[PDB]
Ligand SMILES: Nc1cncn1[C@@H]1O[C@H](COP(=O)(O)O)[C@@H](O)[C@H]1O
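Below sits a lone chain in structure tokens, taken as the form deposited without this ligand.
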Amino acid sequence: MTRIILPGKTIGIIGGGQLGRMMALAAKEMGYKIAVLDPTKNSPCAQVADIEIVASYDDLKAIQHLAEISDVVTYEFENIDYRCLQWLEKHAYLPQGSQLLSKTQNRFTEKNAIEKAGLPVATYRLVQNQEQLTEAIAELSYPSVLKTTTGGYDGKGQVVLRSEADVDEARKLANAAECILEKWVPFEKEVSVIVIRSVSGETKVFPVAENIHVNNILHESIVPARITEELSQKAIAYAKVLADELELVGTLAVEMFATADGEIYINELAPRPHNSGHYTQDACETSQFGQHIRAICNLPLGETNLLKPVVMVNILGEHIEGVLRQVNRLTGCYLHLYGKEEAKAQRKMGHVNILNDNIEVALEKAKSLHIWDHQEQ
């Protein structure tokens, strides 16, 4: 409430991926110690942490060990079972709580929470079997999109239904997992806003980013987003409403659709630093990682001013060879690589923040490097 976790103390992180690694690096600058729990040895985060606990996320015993050596605990792994987070908020210090994670983990529960906040979402229906899929298609028509309610993107995730010809594919998915069908709402661009709220209630919002996805993987984030001032203001206001209604502590990434007629629909939420906020490491006065640490520790939040326009480009497994071969050409580019040993095609290996006074020159730079030819097409 007024509880402050002072520099020198230990922050425990559940999950050792790139998000935890970058949380850790930010915390280290401020003089915090870092403990991490991850199922695989020498994770990106372990490479920066003082203490490594190699164990499963459901390993209640190892979770207790993390709780014992930590003064505060946060998570970066978003598919963690919220029963484990319920244990921590009662027996350790987890200022984020378990509630928000539980609401944002399931696309259906997520939509209900956005609606209760009074914000606009695409019309949606829960799909648990073929009869329900049929009814949902009949009610919402085409175009629509079927998405699994919980984390299961690896190989499938979603089916876009442009016409009746895509129904066969949707039925297969509907059998494989619980789904929601959402009406496809026409939009000009996807945008996101990172909002941070500390234990003491202090709230900061980062600049609106314009996101470009390829095969449903983030390719580029563009800041400032190439949208109207009024859309930017609305996006920012929407993020503040969510932080307050969801009683946020820590970080919330709000992904959005911006339509040609100036409206914003809330797409999805992530209760953590998000890929679309990586630009902040090089372009803002505080990074989202530095902010997240400040939020949970209850330090004054840093400023979120955009200090230079930026295009973040993702480096997937398929790009890493190209990046390393082209290192000599990275003038004006700020490389971040996560220390993952095995490259797989779609695995996130790093990102590059391209800073320029002109956003179009930054975009042209990414194209000129030809590392992302596959994405450009």
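We number the residues from 1 along the sequence you see. Only residues modelled in both forms are compared. Take the two forms, superpose them, and find the largest set of C-alpha atoms that agree within 1.5 Å; that set is the rigid core.
Below, we turn to the form deposited with this ligand bound, even though it does not appear here.
Exercise for the section: Answer with yes or no whether residue 93 is in contact with this ligand in the bound PDB entry, where contact means some heavy atom within 4.5 Å. Expected result: Heavy-atom contact with this ligand at 4.5 Å: absent for residue 93.
Problem - this ligand contact at residue 348 in the bound PDB entry, heavy atom, 4.5 Å - result: Judged by the heavy-atom cut-off of 4.5 Å, residue 348 is in contact with this ligand in the bound PDB entry.
Practice task
Tell me, yes or no, whether residue 24 is in contact with this ligand in the bound PDB entry, where a contact means a heavy atom of each within 4.5 Å.
Solution key: Residue 24 lies outside the contact set for this ligand.
Exercise for the section: Report whether the minimum heavy atom distance between residue 354 and this ligand in the bound PDB entry is within 4.5 Å. Expected result: Because no heavy atom of residue 354 falls inside 4.5 Å of this ligand in the bound PDB entry, the answer is no.
Problem - Candidate from 142, 87, 77, 108 lying within 4.5 Å of this ligand in the bound PDB entry - any heavy atom - result: Of the listed residues, the single hit is 77.
Problem - Which of 304-312, 339-347, 317-325, 48-56 lines the interface with this ligand in the bound PDB entry (heavy atom within 4.5 Å) - result: Stretch with heavy atoms near the partner: 339-347.
Handout entry: Every residue of 17, 153 and 272 near this ligand in the bound PDB entry, heavy atom within 4.5 Å
Key = Yes, because 17, 153 and 272 each have a heavy atom that approaches this ligand to within 4.5 Å in the bound PDB entry.
Problem - Sequence-ordered residues of 186-205 touching this ligand in the bound PDB entry, heavy atom within 4.5 Å - result: Counting only heavy atoms within 4.5 Å of this ligand in the bound PDB entry, no residue of 186-205 makes contact.
Exercise for the section: Could you check which of 261, 154, 303, 229 shows a C-alpha shift of 2 Å or more between this form and the one not shown after a rigid core superposition? Expected result: Of all the options, the C-alpha that shifts by at least 2 Å belongs to 154.
Problem - Residue ranges moving between this form and the one not shown (criterion: at least three consecutive CA positions shifted 2 angstroms or more, core aligned) - result: After superposition, only residues 152-154 shift as a run.
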